[PDB]
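To keep things clear, I will list the structure first and then write my remarks on it.
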Amino acid sequence: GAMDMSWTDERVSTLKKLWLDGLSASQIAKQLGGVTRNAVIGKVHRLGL
């Protein structure tokens with residue numbers, strides 16, 4: 001099966017807060033777990049942040 005984590009409401013809320021807080025995509029990926037820096041960047045892009 002695929003190992004990609006779903007962008008649950010909680011994971012999105014966490015990403016959004018941390019991004020607005022000024023954390024790097026690397027740091028956010030580390031805190032979310034199971035997702036890469038580049039995948040975080042892509043999600044930030046899709047969220048319009």
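To be explicit about the labels: the chains of the structure tokens are called A, B, and onward in the order shown, and within each one the residues are counted from 1, while ligands get numbers from 1 in the order they are shown.
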Review point. Got a sec: who's within 12 Å of residue 45 of chain A, counting only C-alpha atoms, leaving out chain neighbours fewer than 5 positions off, as number ranges by chain?
Key: A: 15-16, 19, 25, 38-40
Practice item. For residue 24 of chain A, list every protein, DNA or RNA residue within 12 Å, evaluated using only C-alpha atoms, and leave out those in the same chain fewer than 2 positions away; present the list as number ranges by chain. Key: A: 15-22, 26-31, 36-38, 40-41, 44
How would the residues just picked look written out with N, CA, C and O atoms as a short mmCIF file (atom, residue, chain, number, x, y, z; two decimals), in the first residue's frame?
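Below you can see out.cif, which holds the result:
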data_model
loop_
_atom_site.label_atom_id
_atom_site.label_comp_id
_atom_site.auth_asym_id
_atom_site.auth_seq_id
_atom_site.Cartn_x
_atom_site.Cartn_y
_atom_site.Cartn_z
N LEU A 15 -0.05 22.40 10.37
CA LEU A 15 0.82 22.95 9.34
C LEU A 15 0.60 24.45 9.21
O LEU A 15 1.57 25.23 9.14
N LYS A 16 -0.66 24.85 9.16
CA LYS A 16 -1.01 26.25 8.99
C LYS A 16 -0.47 27.11 10.13
O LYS A 16 0.18 28.13 9.89
N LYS A 17 -0.71 26.69 11.38
CA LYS A 17 -0.23 27.44 12.54
C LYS A 17 1.28 27.56 12.55
O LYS A 17 1.83 28.65 12.73
N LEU A 18 1.97 26.45 12.33
CA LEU A 18 3.43 26.44 12.36
C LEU A 18 4.03 27.25 11.21
O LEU A 18 5.05 27.92 11.38
N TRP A 19 3.39 27.19 10.05
CA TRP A 19 3.87 27.98 8.93
C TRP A 19 3.73 29.47 9.24
O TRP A 19 4.66 30.25 9.01
N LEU A 20 2.57 29.87 9.77
CA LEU A 20 2.35 31.26 10.16
C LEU A 20 3.29 31.67 11.29
O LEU A 20 3.67 32.84 11.37
N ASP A 21 3.67 30.72 12.15
CA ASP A 21 4.63 30.97 13.23
C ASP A 21 6.05 31.19 12.72
O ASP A 21 6.91 31.65 13.47
N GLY A 22 6.31 30.84 11.47
CA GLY A 22 7.62 31.05 10.88
C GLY A 22 8.51 29.82 10.85
O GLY A 22 9.69 29.92 10.53
N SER A 26 11.04 22.06 6.73
CA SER A 26 11.76 20.96 7.36
C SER A 26 11.27 20.70 8.77
O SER A 26 11.00 19.57 9.15
N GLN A 27 11.17 21.78 9.55
CA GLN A 27 10.74 21.65 10.94
C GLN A 27 9.32 21.15 11.01
O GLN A 27 8.99 20.30 11.83
N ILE A 28 8.47 21.68 10.14
CA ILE A 28 7.07 21.26 10.12
C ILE A 28 6.93 19.78 9.74
O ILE A 28 6.16 19.05 10.36
N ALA A 29 7.69 19.35 8.74
CA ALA A 29 7.68 17.94 8.36
C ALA A 29 8.08 17.06 9.53
O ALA A 29 7.48 16.01 9.78
N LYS A 30 9.11 17.49 10.27
CA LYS A 30 9.61 16.73 11.41
C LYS A 30 8.53 16.62 12.49
O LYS A 30 8.33 15.56 13.07
N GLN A 31 7.84 17.72 12.75
CA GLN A 31 6.80 17.70 13.78
C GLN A 31 5.55 16.92 13.38
O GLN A 31 4.95 16.24 14.20
N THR A 36 7.56 14.47 4.00
CA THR A 36 8.81 15.15 3.71
C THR A 36 8.67 16.66 3.62
O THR A 36 7.57 17.20 3.51
N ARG A 37 9.82 17.32 3.66
CA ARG A 37 9.92 18.75 3.49
C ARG A 37 9.21 19.22 2.22
O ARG A 37 8.39 20.14 2.24
N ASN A 38 9.51 18.58 1.09
CA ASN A 38 8.91 19.00 -0.16
C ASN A 38 7.41 18.78 -0.21
O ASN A 38 6.69 19.57 -0.83
N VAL A 40 5.42 19.02 2.40
CA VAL A 40 4.91 20.14 3.17
C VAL A 40 4.83 21.41 2.31
O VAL A 40 3.83 22.11 2.31
N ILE A 41 5.90 21.68 1.56
CA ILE A 41 5.89 22.84 0.66
C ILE A 41 4.73 22.77 -0.33
O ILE A 41 4.01 23.75 -0.52
N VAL A 44 1.53 23.69 1.54
CA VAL A 44 1.51 25.14 1.76
C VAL A 44 1.06 25.86 0.48
O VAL A 44 0.23 26.77 0.52
#
Practice item. Tell me which protein, DNA and RNA residues are within 9 Å of residue 5 of chain A, counting only C-alpha atoms, leaving out same-chain ones fewer than 6 positions away, and put them as number ranges by chain. Key: A: 33-35
Residue selection dump (N, CA, C and O atoms) as a JSON list (two decimals), in the first residue's frame:
[["chain", "number", "residue", "atom", "x", "y", "z"],
["A", 33, "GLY", "N", 5.49, 14.40, 11.14],
["A", 33, "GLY", "CA", 5.89, 13.01, 11.03],
["A", 33, "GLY", "C", 5.38, 12.35, 9.77],
["A", 33, "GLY", "O", 4.28, 12.66, 9.30],
["A", 34, "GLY", "N", 6.16, 11.43, 9.22],
["A", 34, "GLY", "CA", 5.75, 10.64, 8.07],
["A", 34, "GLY", "C", 5.50, 11.41, 6.78],
["A", 34, "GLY", "O", 4.80, 10.94, 5.90],
["A", 35, "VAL", "N", 6.08, 12.60, 6.67],
["A", 35, "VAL", "CA", 5.91, 13.42, 5.47],
["A", 35, "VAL", "C", 7.22, 14.18, 5.26],
["A", 35, "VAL", "O", 7.94, 14.47, 6.22]]
Practice item. Rounded to one decimal place, report the atom CA of residue 23 of chain A-atom CA of residue 7 of chain A distance in Å. Key: 18.3 Å
